[PDB]
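J.: Shown below is the structure under consideration.
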Amino acid sequence: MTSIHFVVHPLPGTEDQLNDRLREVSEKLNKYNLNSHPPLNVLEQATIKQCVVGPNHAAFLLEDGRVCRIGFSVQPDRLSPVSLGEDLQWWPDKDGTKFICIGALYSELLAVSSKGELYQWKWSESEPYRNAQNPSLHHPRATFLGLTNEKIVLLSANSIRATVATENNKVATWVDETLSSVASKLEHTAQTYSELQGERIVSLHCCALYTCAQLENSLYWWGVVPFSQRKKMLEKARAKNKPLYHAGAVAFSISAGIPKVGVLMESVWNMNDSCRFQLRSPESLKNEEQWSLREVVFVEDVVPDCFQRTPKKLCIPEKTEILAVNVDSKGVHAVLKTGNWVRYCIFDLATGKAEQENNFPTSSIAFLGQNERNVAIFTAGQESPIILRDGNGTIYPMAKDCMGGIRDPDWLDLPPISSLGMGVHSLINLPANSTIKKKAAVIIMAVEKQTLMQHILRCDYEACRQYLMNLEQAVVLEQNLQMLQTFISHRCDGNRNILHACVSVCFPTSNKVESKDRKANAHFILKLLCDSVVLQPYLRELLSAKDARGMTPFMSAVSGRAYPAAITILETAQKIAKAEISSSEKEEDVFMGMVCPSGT
Numbered sequence: 003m004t005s006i007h008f009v010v011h012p013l014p015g016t017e018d019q020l021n022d023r024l025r026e027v028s029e030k031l032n033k034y035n036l037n038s039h040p041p042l043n044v045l046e047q048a049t050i051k052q053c054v055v056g057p058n059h060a061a062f063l064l065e066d067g068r069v070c071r072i073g074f075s076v077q078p079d080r081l082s083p084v085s086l087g088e089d090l091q092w093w094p095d096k097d098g099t100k101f102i103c104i105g106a107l108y109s110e111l112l113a114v115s116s117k118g119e120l121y122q123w124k125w126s127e128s129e130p131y132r133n134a135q136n137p138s139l140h141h142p143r144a145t146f147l148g149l150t151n152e153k154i155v156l157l158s159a160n161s162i163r164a165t166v167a168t169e170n171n172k173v174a175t176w177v178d179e180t181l182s183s184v185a186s187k188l189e190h191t192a193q194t195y196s197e198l199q200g201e202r203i204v205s206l207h208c209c210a211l212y213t214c215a216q217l218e219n220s221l222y223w224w225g226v227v228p229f230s231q232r233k234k235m236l237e238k239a240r241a242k243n244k245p246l247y248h249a250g251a252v253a254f255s256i257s258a259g260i261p262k263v264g265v266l267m268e269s270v271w272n273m274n275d276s277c278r279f280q281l282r283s284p285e286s287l288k289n290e291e292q293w294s295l296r297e298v299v300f301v302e303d304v305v306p307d308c309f310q311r312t313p314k315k316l317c318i319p320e321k322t323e324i325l326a327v328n329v330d331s332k333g334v335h336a337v338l339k340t341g342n343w344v345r346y347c348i349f350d351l352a353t354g355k356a357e358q359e360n361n362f363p364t365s366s367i368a369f370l371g372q373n374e375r376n377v378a379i380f381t382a383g384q385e386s387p388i389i390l391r392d393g394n395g396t397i398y399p400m401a402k403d404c405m406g407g408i409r410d411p412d413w414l415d416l417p418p419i420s421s422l423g424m425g426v427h428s429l430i431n432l433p434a435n436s437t438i439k440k441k442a443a444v445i446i447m448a449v450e451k452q453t454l455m456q457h458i459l460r461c462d463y464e465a466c467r468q469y470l471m472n473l474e475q476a477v478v479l480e481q482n483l484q485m486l487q488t489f490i491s492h493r494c495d496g497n498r499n500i501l502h503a504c505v506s507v508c509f510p511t512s513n514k515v516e517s518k519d520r521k522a523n524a525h526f527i528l529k530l531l532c533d534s535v536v537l538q539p540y541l542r543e544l545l546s547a548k549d550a551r552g553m554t555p556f557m558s559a560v561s562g563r564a565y566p567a568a569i570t571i572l573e574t575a576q577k578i579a580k581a582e583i584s585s586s587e588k589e590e591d592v593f594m595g596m597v598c599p600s601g602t
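3 is the number of the first residue of the sequence shown in the numbering used here; add one for each residue after it.
So, in structure tokens, the structure goes:
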């Protein structure tokens with residue numbers, strides 16, 4: 003059980019704006035507590051496994067192998083802001099094909115079945131693709147790709163590019179149908195590479211230009227080289243000789259979130275200066291706009307070769323494991339760990355080495371969390387900012403200080419996020435003379451429904467008391483030990499348990515639902531959690547747990563100027579430590595563990 007939320011972020015902007023939007027959705031979830039949307043209600047009841055945001059639609063892949071699609075639009079003057087369609091259309095399932103991964107394209111969603119089969123939809127079609135000449139034929143390009151005789155296991159896609167890996171370590175990459183002009187130089191059919199051989203492909207990620215593959219201990223990149231290396235190579239070629247490009251040049255670009263293929267009328271003489279292109283409509287294949295040369299690419303008739311076809315490895319340190327990788331315009335971003343010390347690295351394709359390396363201000367143990375497999379990175383690829391997901395499943399804020407480092411994160415109080423999706427979407431039907439930003443990024447959120455912790459963050463005494471009363475009745479019934487364990491291990495952003503949530507919501511706001519009423523209710527909730535019989539065996543575990551800053555609930559109360567809360571936690575700790583029966587354990591040892599644990 004989860005809840006679905008929508009946010010939209012103007013693409014040209016700073017990470018602080020993304021953090022502000024996340025704060026806004028968190029406040030809407032907590033401060034306001036509005037009603038849910040009926041159209042997505044059914045989708046909420048099942049466990050989402052993946053999400054992809056198309057240009058105008060959205061697609062969700064569930065655990066039960068039943069995909070759905072829903073459209074969306076954005077109101078421009080209000081910049082939930084996203085307006086959704088009246089109804090959602092599902093995927094017709096016959097003979098229980100089921101699905102494993104899904105992807106997004108300008109040809110809309112893309113699907114992979116259990117046995118391995120490349121299904122897809124499109125904006126122009128309201129029905130899954132079928133072939134009259136062959137009932138078993140779908141995605142005719144797959145016949146070109148050769149994946150019709152393979153079991154597809156890994157799939158990734160973005161605005162234009164799509165990459166597939168099967169059981170036989172065969173990588174098949176292609177572009178959208180709009181890029182068929184350059185498809186000769188940007189596609190490779192199913193094939194196995196010696197570099198990829200010897201290991202199983204753990205993951206693979208795509209982008210508007212290139213594609214990365216994460217192996218057991220290595221990372222590989224293949225595809226179009228970025229503009230900086232292009233210009234370095236062009237300058238080297240020019241110096242070797244001692245009109246960069248002639249007129250009538252066919253090229254394509256993915257600027258403004260739309261892959262457009264045009265022809266260059268004027269020979270390029272200034273590399274930074276934007277130049278005009280004449281659009282080539284697909285109907286004419288079967289309109290003059292000045293595009294910047296910063297993000298374009300041209301198909302070459304035959305100067306050293308620009309496109310890099312053979313994947314190359316990017317250096318990672320010794321005896322280091324990779325937890326999550328994703329790829330954007332700036333390069334490939336990853337999170338790495340060796341021993342117990344975790345870093346966030348940005349790899350430029352220029353050097354192939356650690357272009358940027360940053361240490362998290364919080365503890366590495368808190369970042370690793372209960373499960374190390376939930377770490378993930380989200381980036382659309384072109385302009386969207388990075389969204390991080392730590393071990394506990396919550397979202398780790400990412401802001402840069404006045405130096406080369408990560409700012410001390412400010413917590414969103416957002417519960418763990420089951421599925422995060424993001425999509426480039428360029429606003430249309432708007433005046434061109436307006437100075438407002440054109441494109442944006444649509445972010446869809448699947449937040450877990452943690453009952454008690456959301457109640458605590460709401461400063462809702464009544465719901466918390468009812469929850470605890472029904473919980474004690476269930477404990478008397480001896481049928482909800484699982485529920486007790488579940489609500490004990492529940493965590494919020496920063497490795498914060500329910501006690502940390504009570505302390506954090508007990509903090510003073512300003513010098514002398516009302517804020518004073520909110521603080522009072524927080525105090526009542528803290529007292530209830532401390533004195534209630536049910537969490538007696540677990541309170542020592544909760545009071546001894548550490549925040550992301552290595553801070554127990556008492557430590558947080560002292561640090562956050564929640565002094566009455568600190569006194570309450572101190573007396574509760576004394577009571578629990580005295581009441582606990584000594585089994586080769588001391589009084590001062592446990593009391594210090596729950597007040598100021600060793601190693602701080």
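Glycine is no exception: its CB is placed at the ideal position from the N, C-alpha and C atoms.
Whole alpha helix (DSSP H) runs in the region 201–279 with 4 or more residues, listed along the chain?
T.: Segments of the alpha helix (DSSP H) lying fully in the region 201–279: 229–243.
J.: Ends of the alpha helix (DSSP H) at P539?
T.: Taking the first residue of the sequence shown as position 1, residue 539 is located at position 537. Looking at the DSSP string, the run of the alpha helix (DSSP H) that includes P539 is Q538 to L545.
J.: Measure the beta-carbon distance from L470 to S534 and round it to whole angstroms, keeping in mind my assumption that it falls under 8 Å.
T.: For the purposes of this step, residue 470 is taken as the residue at position 468 of the sequence shown. For the purposes of this step, residue 534 is taken as the residue at position 532 of the sequence shown. Yes, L470 and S534 are in contact; Cβ-Cβ is about 6 Å, under 8 Å.
J.: What are the boundary residues of the beta strand (DSSP E) that includes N472?
T.: On the sequence shown, position 470 is the one that residue 472 refers to. Careful: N472 lies outside any beta strand (DSSP E), inside the alpha helix (DSSP H) at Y463 to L479.
J.: Report yes if the CB atom of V184 is closer than 7 Å to the CB atom of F254, and no otherwise.
T.: Along the sequence shown, one-based indexing puts residue 184 at 182. Along the sequence shown, one-based indexing puts residue 254 at 252. Taking 7 Å as the Cβ cut-off, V184 and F254 qualify as a contacting pair.
J.: Is it the case that the Cβ atoms of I102 and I162 are separated by a distance below 7 Å?
T.: Numbered from its first residue, the sequence shown carries residue 102 at position 100. Numbered from its first residue, the sequence shown carries residue 162 at position 160. No, Cβ-Cβ distance for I102 and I162 is not below 7 Å.
J.: Do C214 and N160 have their beta-carbon atoms positioned less than 7 Å apart in this structure?
T.: Here residue 160 corresponds to residue number 158 of the sequence shown, with the count starting at 1. Here residue 214 corresponds to residue number 212 of the sequence shown, with the count starting at 1. For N160 and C214, no; Cβs fall outside 7 Å.
J.: Tell me which same chain residues have a C-beta within less than 6 Å of the C-beta of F509, skipping the five on either side of it?
T.: For this step, residue 509 is matched to residue 507 along the sequence shown. Once the five neighbours on either side are set aside, the close Cβ partners of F509 are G562 and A564.
J.: Are the CB atoms of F349 and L316 within a distance shorter than 7 Å?
T.: Your numbering for residue 316 matches position 314 in the sequence shown. Your numbering for residue 349 matches position 347 in the sequence shown. Contact: yes.
J.: What is the DSSP secondary structure of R163, reduced to helix, strand or coil?
T.: For this step, residue 163 is matched to residue 161 along the sequence shown. Reduced to three states, the DSSP call for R163 is coil.
J.: If you run the structure through DSSP and keep just helix, strand and coil, what is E450?
T.: The residue labelled residue 450 in the question sits at position 448 within the sequence shown. Of the three classes helix, strand and coil, the one that applies to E450 here is strand, per DSSP.
J.: I believe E152 touches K172 by the beta-carbon criterion, under 8 Å. Please report the beta-carbon distance rounded to the nearest angstrom.
T.: As a first step, residue 152 is located in the sequence shown; it is residue number 150 there, counting from the start. As a first step, residue 172 is located in the sequence shown; it is residue number 170 there, counting from the start. Sure, about 6 Å apart at Cβ, within 8 Å.
J.: Looking at the secondary structure, which residues open and close the alpha helix (DSSP H) in which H11 lies?
T.: Along the sequence shown, one-based indexing puts residue 11 at 9. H11 -> not in any alpha helix (DSSP H); beta strand (DSSP E) instead, spanning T4 to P12.
J.: Since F380 is in the beta strand (DSSP E), which residue starts that stretch and which ends it?
T.: By 1-based counting over the sequence shown, the position of residue 380 is 378. It spans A378 to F380 - the beta strand (DSSP E) in which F380 sits, taken as one unbroken run.
J.: Could you pull the DSSP bridge partners for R345 from this structure?
T.: Here residue 345 is taken as the residue at index 343 of the sequence shown, counted from 1. Partner(s): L338 and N361.
J.: In its own chain, which residues sit with a C-beta less than 8 Å from the C-beta of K288, not counting the 5 before and 5 after it?
T.: Sequence index remark: in the sequence shown, residue 288 carries index 286 (1-based). Hits under 8 Å: none found.
J.: At which residues does the beta strand (DSSP E) containing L120 begin and terminate?
T.: Indexing the sequence shown from 1 puts residue 120 at position 118. It spans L120 to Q122 - the beta strand (DSSP E) in which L120 sits, taken as one unbroken run.
J.: Please name the residue in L483, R551, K51 and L246 whose C-alpha comes closest to that of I367.
T.: Working through the sequence shown from its first residue, we reach residue 367 at position 365. That would be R551, whose Cα lies nearest to the Cα of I367.
J.: Is the number of C-beta pairs between the region 450–467 and the region 486–499 that are closer than 8 Å three or more?
T.: Flag = yes, the region 450–467 and the region 486–499 touch.
J.: So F369 is in the beta strand (DSSP E); what residue range does that whole segment cover?
T.: As a first step, residue 369 is located in the sequence shown; it is residue number 367 there, counting from the start. Taken as a continuous stretch (DSSP letters only), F369 belongs to no beta strand (DSSP E), being part of the alpha helix (DSSP H) at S366 to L370.
J.: If you count every other CB in all the chains shown that lies within 10 Å of the CB of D330, and 16 or more means buried, which is it?
T.: Here residue 330 corresponds to residue number 328 of the sequence shown, with the count starting at 1. Label assigned to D330: buried.
J.: Assess contact between the region 334–351 and the region 518–537, defined as three or more Cβ pairs (one per stretch) separated by less than 8 Å. Is contact present?
T.: Judged by Cβ distances under 8 Å, the region 334–351 makes no contact with the region 518–537, as fewer than three pairs qualify.
J.: What are the start and end residues of the alpha helix (DSSP H) that includes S561?
T.: Here residue 561 refers to the residue found at position 559 of the sequence shown. Run containing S561: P555 to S561, per the alpha helix (DSSP H) assignment.
J.: Excluding the five sequence neighbours on either side, which residues of its own chain have a C-beta within less than 6 Å of the C-beta of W413, listed in chain order?
T.: In the sequence shown, the residue the question calls residue 413 occupies position 411. Once the five neighbours on either side are set aside, the close Cβ partners of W413 are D495 and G496.
J.: By how many angstroms is the C-alpha of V155 removed from the C-alpha of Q193?
T.: Reading the sequence shown from its first residue, position 191 is the one you call residue 193. Reading the sequence shown from its first residue, position 153 is the one you call residue 155. C-alpha separation (whole angstroms): 15 Å.
J.: Within 10 Å of its beta-carbon, does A442 have 16 or more other beta-carbons around it, so buried, or fewer, so exposed?
T.: Locating residue 442 in the sequence shown gives position 440, counting from the first residue. Classification of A442: buried, given that the 10 Å Cβ count is 16 or more.
J.: Rounded to whole angstroms, what is the Cα-Cα separation between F309 and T165?
T.: The residue given as residue 309 occupies position 307 in the sequence shown. The residue given as residue 165 occupies position 163 in the sequence shown. So the alpha carbons of these two residues sit roughly 17 Å apart.
J.: Please look up how many angstroms separate the CB atoms of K100 and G67, rounded, as I've assumed it's under 8 Å.
T.: Here residue 100 is taken as the residue at index 98 of the sequence shown, counted from 1. Here residue 67 is taken as the residue at index 65 of the sequence shown, counted from 1. Confirmed, about 3 Å.
J.: Are the region 321–330 and the region 292–306 touching, with three or more C-beta to C-beta distances below 8 Å?
T.: Segments in contact, no.
J.: In whole angstroms, what separates the C-alpha of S196 from that of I324?
T.: Walking along the sequence shown from the start, residue 196 turns up at place 194. Walking along the sequence shown from the start, residue 324 turns up at place 322. Each residue's alpha carbon lies about 22 Å from the other.
J.: Considering only their Cβ atoms, is the gap separating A249 from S230 smaller than 7 Å?
T.: As a working mapping, residue 230 is identified with position 228 in the sequence shown. As a working mapping, residue 249 is identified with position 247 in the sequence shown. For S230 and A249, no; Cβs fall outside 7 Å.
J.: Out of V263, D403, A106 and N170, point me to the one whose CA is closest to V301's CA.
T.: Position 299 of the sequence shown, counting from 1, holds the residue named residue 301. For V301, the nearest C-alpha among the options comes from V263.
J.: Thinking C-alpha only, which one of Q576, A60, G595 and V507 is nearest residue 2?
T.: Lying before the first or after the last residue shown, residue 2 is absent from the chain, which here runs from 3 to 602.
J.: Kindly indicate the opening and closing residues of the alpha helix (DSSP H) around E590.
T.: Locating residue 590 in the sequence shown gives position 588, counting from the first residue. That run of the alpha helix (DSSP H) goes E589 to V597.
J.: Check whether the region 537–546 touches the region 591–600, taking contact to mean three or more Cβ pairs, one atom from each stretch, closer than 8 Å.
T.: Contact between the region 537–546 and the region 591–600 is present, because at least three Cβ pairs lie under 8 Å.
J.: So what's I578 in DSSP terms, helix, strand or just coil?
T.: Reading the sequence shown from its first residue, position 576 is the one you call residue 578. Residue state, collapsed to three classes: helix.
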